[PDB]
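Participant: Shown below is the structure under consideration.
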Amino acid sequence: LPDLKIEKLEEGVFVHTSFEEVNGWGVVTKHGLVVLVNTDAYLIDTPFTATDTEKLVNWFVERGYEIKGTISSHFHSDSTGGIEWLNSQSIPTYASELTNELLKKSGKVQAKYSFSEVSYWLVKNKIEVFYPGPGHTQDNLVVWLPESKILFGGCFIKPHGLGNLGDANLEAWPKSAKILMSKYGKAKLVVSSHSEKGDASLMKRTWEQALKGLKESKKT
Ligand code: NA
Ligand SMILES: [Zn+2]
Ligand SMILES: [Zn+2]
């Protein structure tokens, strides 16, 4: 299993990359962020495992940062796998009320703190959590960093194909993708869960893939 990677994007923004075996043939790649406000650190998604969440936290703690909070972009384990471990360390975990309902329904440990607001400022003027509407999942969120114009699109941003449709809302995805394009056109960088980082055009590529997936589902 490849090791957790940490890469600096700019001052105050790091991408964490963790890996999971799909079964014998190679691995899934998952990107999240760590955002620094002075000496406060915020996890944007957890790695898949408690073990990789602890490695990630330990890397920032050793450099004099305090983990002030985590946000999970959706209920799937690639965003939420570390919540139980973070809770055991009394590190504040956040998810939307809908995300916590979906964790509870799937027999998973919930985030300690939840919110209902469509636009939720995890950190005033620094970290915005936004619900564009259903897509990859009913609850999928994005995270916007206004000072860097970095959008973390999580598993919503799907420039090359929508992936697993098990929990997806194909009827809503195109509308949700246009809402995102319309709000975050000033984005300098779009970081997705499962693809290479890109420019604002990844939001339009997602819209196109959403339209195509909906069209194909209506044919059969
Ligand atoms: Na450092
Ligand atoms: Zn997912
Ligand atoms: Zn994912």
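Residue numbering restarts at 1 for every chain of the structure tokens, chains are lettered A, B, ... in their displayed order, and ligands are numbered from 1 as they appear.
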Counting only C-alpha atoms and all ligand atoms, which residues of chain A fall within 7 Å of ligand 2, and what is the closest atom pair for each with its distance in Å at one decimal, ordered by chain and rising number, as a Markdown table?
Facilitator:
| residue | atom | partner | partner_atom_place_in_ligand_line | distance |
| --- | --- | --- | --- | --- |
| A:74 | CA | ligand 2 | 1 (Zn) | 6.6 |
| A:76 | CA | ligand 2 | 1 (Zn) | 4.8 |
| A:78 | CA | ligand 2 | 1 (Zn) | 6.8 |
| A:136 | CA | ligand 2 | 1 (Zn) | 6.4 |
| A:137 | CA | ligand 2 | 1 (Zn) | 6.8 |
| A:155 | CA | ligand 2 | 1 (Zn) | 5.4 |
Participant: For ligand 1, return the neighbouring residues as an MDAnalysis selection string (distance at most 12 Å; only C-alpha atoms and all ligand atoms).
Facilitator: chainID A and resid 6:8 10:14 34:36 38:39 41 59:65
Participant: Show me which residues line ligand 3, defined as having an atom within 12 Å of a ligand atom where only C-alpha atoms and all ligand atoms count, and present them as a CSV table (one decimal) with C-alpha atoms, in the first residue's frame.
Facilitator:
chain,number,residue,atom,x,y,z
A,17,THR,CA,-3.0,11.9,-0.7
A,18,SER,CA,-4.0,8.5,0.8
A,19,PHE,CA,-4.5,5.1,-0.9
A,20,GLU,CA,-6.9,2.1,-0.7
A,28,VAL,CA,-7.7,4.2,-5.5
A,29,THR,CA,-6.1,7.6,-4.9
A,30,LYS,CA,-7.8,10.2,-2.6
A,31,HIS,CA,-6.8,13.9,-2.3
A,32,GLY,CA,-7.9,16.1,0.7
A,45,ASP,CA,-11.5,15.3,4.5
A,46,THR,CA,-9.8,12.5,6.5
A,47,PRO,CA,-7.7,9.9,4.8
A,48,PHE,CA,-9.4,6.4,4.5
A,72,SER,CA,-15.9,15.8,5.8
A,73,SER,CA,-17.2,16.7,2.3
A,74,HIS,CA,-19.5,13.6,2.2
A,75,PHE,CA,-20.4,10.4,4.2
A,76,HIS,CA,-18.3,8.0,2.1
A,77,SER,CA,-15.3,6.4,4.0
A,78,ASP,CA,-12.7,8.3,1.8
A,79,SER,CA,-13.9,11.6,3.5
A,80,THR,CA,-14.9,10.2,6.9
A,81,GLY,CA,-12.6,7.2,7.7
A,135,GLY,CA,-24.6,14.8,-7.3
A,136,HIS,CA,-22.0,12.1,-6.4
A,137,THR,CA,-24.1,11.8,-3.2
A,140,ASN,CA,-21.7,16.1,-1.2
A,141,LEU,CA,-20.1,19.4,-0.1
A,153,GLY,CA,-14.5,19.9,-5.0
A,154,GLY,CA,-14.3,16.6,-3.2
A,155,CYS,CA,-15.9,13.6,-5.0
A,156,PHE,CA,-18.5,16.0,-6.7
A,157,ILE,CA,-15.8,17.1,-9.3
A,158,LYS,CA,-15.6,14.3,-11.9
A,162,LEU,CA,-18.9,10.2,-12.7
A,163,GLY,CA,-17.6,7.0,-11.1
A,164,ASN,CA,-19.8,4.9,-8.7
A,165,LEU,CA,-23.5,5.8,-9.2
A,167,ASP,CA,-25.5,6.8,-3.9
A,168,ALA,CA,-25.6,9.3,-6.8
A,192,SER,CA,-10.8,17.1,-6.7
A,193,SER,CA,-10.8,13.9,-4.6
A,194,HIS,CA,-9.8,11.5,-7.4
A,195,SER,CA,-8.2,13.6,-10.3
Participant: Could you jot down the CA of residue 151 (chain A) to CA of residue 205 (chain A) separation for me, Å, one decimal place?
Facilitator: 14.8 Å
Participant: What is the distance, in Å and to one decimal place, between CA of residue 180 (chain A) and CA of residue 94 (chain A)?
Facilitator: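 Calculated distance between CA of residue 180 (chain A) and CA of residue 94 (chain A) is 21.5 Å.
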Participant: Write down as a PyMOL selection string the residues of region 72-125 of chain A whose backbone DSSP state falls under strand (DSSP E or B).
Facilitator: chain A and resi 93-96+113-115+119-123
Participant: Quick one: everything within 10 Å of residue 214 (chain A), counting only C-alpha atoms, minus sequence neighbours fewer than 5 positions away in the same chain. Send it as a PyMOL selection string.
Facilitator: chain A and resi 169-174+209+219
Participant: Find the spatial neighbours of residue 67 (chain A), counting only C-alpha atoms, within a cut-off of 7 Å - ignore same-chain residues fewer than 6 positions away - and output them as a PyMOL selection string.
Facilitator: chain A and resi 40-42+91
Participant: Can you tell me which residues surround region 111-120 of chain A at a distance of at most 7 Å, considering only C-alpha atoms, apart from same-chain residues fewer than 5 positions away, and format the answer as a list in words?
Facilitator: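 Residues near the query, excluding close chain neighbours: residues 83, 92, 93, 94, 95, 96, 97, 100, 128, 129, 130 and 131 of chain A.
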Participant: May I have the selected residues written with N, CA, C and O atoms, as a PDB file, in the first residue's frame?
Facilitator:
ATOM      1  N   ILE A  83     -12.798   9.952  11.303  1.00  0.00           N
ATOM      2  CA  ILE A  83     -13.643  10.701  12.284  1.00  0.00           C
ATOM      3  C   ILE A  83     -13.589  10.013  13.661  1.00  0.00           C
ATOM      4  O   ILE A  83     -13.397  10.719  14.667  1.00  0.00           O
ATOM      5  N   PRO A  92     -12.065  18.441  17.179  1.00  0.00           N
ATOM      6  CA  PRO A  92     -13.418  18.745  16.708  1.00  0.00           C
ATOM      7  C   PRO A  92     -13.681  18.278  15.269  1.00  0.00           C
ATOM      8  O   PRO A  92     -13.004  18.733  14.364  1.00  0.00           O
ATOM      9  N   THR A  93     -14.652  17.375  15.101  1.00  0.00           N
ATOM     10  CA  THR A  93     -15.076  16.872  13.778  1.00  0.00           C
ATOM     11  C   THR A  93     -16.383  17.575  13.383  1.00  0.00           C
ATOM     12  O   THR A  93     -17.327  17.674  14.223  1.00  0.00           O
ATOM     13  N   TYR A  94     -16.445  18.030  12.138  1.00  0.00           N
ATOM     14  CA  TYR A  94     -17.656  18.615  11.518  1.00  0.00           C
ATOM     15  C   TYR A  94     -18.133  17.778  10.334  1.00  0.00           C
ATOM     16  O   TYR A  94     -17.333  17.312   9.505  1.00  0.00           O
ATOM     17  N   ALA A  95     -19.449  17.697  10.213  1.00  0.00           N
ATOM     18  CA  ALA A  95     -20.152  17.288   8.976  1.00  0.00           C
ATOM     19  C   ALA A  95     -21.514  17.975   8.955  1.00  0.00           C
ATOM     20  O   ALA A  95     -22.032  18.378  10.030  1.00  0.00           O
ATOM     21  N   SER A  96     -22.113  18.086   7.791  1.00  0.00           N
ATOM     22  CA  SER A  96     -23.499  18.572   7.659  1.00  0.00           C
ATOM     23  C   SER A  96     -24.424  17.610   8.414  1.00  0.00           C
ATOM     24  O   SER A  96     -24.028  16.432   8.676  1.00  0.00           O
ATOM     25  N   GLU A  97     -25.606  18.096   8.770  1.00  0.00           N
ATOM     26  CA  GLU A  97     -26.620  17.266   9.457  1.00  0.00           C
ATOM     27  C   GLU A  97     -26.970  16.077   8.562  1.00  0.00           C
ATOM     28  O   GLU A  97     -27.051  14.949   9.077  1.00  0.00           O
ATOM     29  N   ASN A 100     -24.160  13.428   8.666  1.00  0.00           N
ATOM     30  CA  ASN A 100     -24.237  12.661   9.932  1.00  0.00           C
ATOM     31  C   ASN A 100     -25.425  11.693   9.904  1.00  0.00           C
ATOM     32  O   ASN A 100     -25.260  10.573  10.421  1.00  0.00           O
ATOM     33  N   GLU A 128     -14.963  28.268   3.741  1.00  0.00           N
ATOM     34  CA  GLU A 128     -16.400  28.177   3.465  1.00  0.00           C
ATOM     35  C   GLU A 128     -16.713  26.742   3.034  1.00  0.00           C
ATOM     36  O   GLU A 128     -16.047  26.221   2.100  1.00  0.00           O
ATOM     37  N   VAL A 129     -17.714  26.158   3.676  1.00  0.00           N
ATOM     38  CA  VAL A 129     -18.289  24.848   3.270  1.00  0.00           C
ATOM     39  C   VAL A 129     -19.590  25.147   2.520  1.00  0.00           C
ATOM     40  O   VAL A 129     -20.466  25.854   3.090  1.00  0.00           O
ATOM     41  N   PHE A 130     -19.745  24.634   1.300  1.00  0.00           N
ATOM     42  CA  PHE A 130     -20.924  24.951   0.456  1.00  0.00           C
ATOM     43  C   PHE A 130     -21.532  23.665  -0.108  1.00  0.00           C
ATOM     44  O   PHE A 130     -20.783  22.807  -0.614  1.00  0.00           O
ATOM     45  N   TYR A 131     -22.859  23.578  -0.036  1.00  0.00           N
ATOM     46  CA  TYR A 131     -23.694  22.521  -0.657  1.00  0.00           C
ATOM     47  C   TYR A 131     -24.255  23.008  -1.989  1.00  0.00           C
ATOM     48  O   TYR A 131     -25.158  23.836  -2.019  1.00  0.00           O
TER      49      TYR A 131
END
Participant: Tell me, in Å to one decimal, how far CA of residue 185 (chain A) is from CA of residue 200 (chain A).
Facilitator: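 Taking CA of residue 185 (chain A) and CA of residue 200 (chain A), their separation equals 6.3 Å.
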Participant: Could you tell me which of A:110, A:26, A:5, A:102 comes closest to residue 55 (chain A) if we count only C-alpha atoms?
Facilitator: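 Closest residue, counting only C-alpha atoms: A:5.
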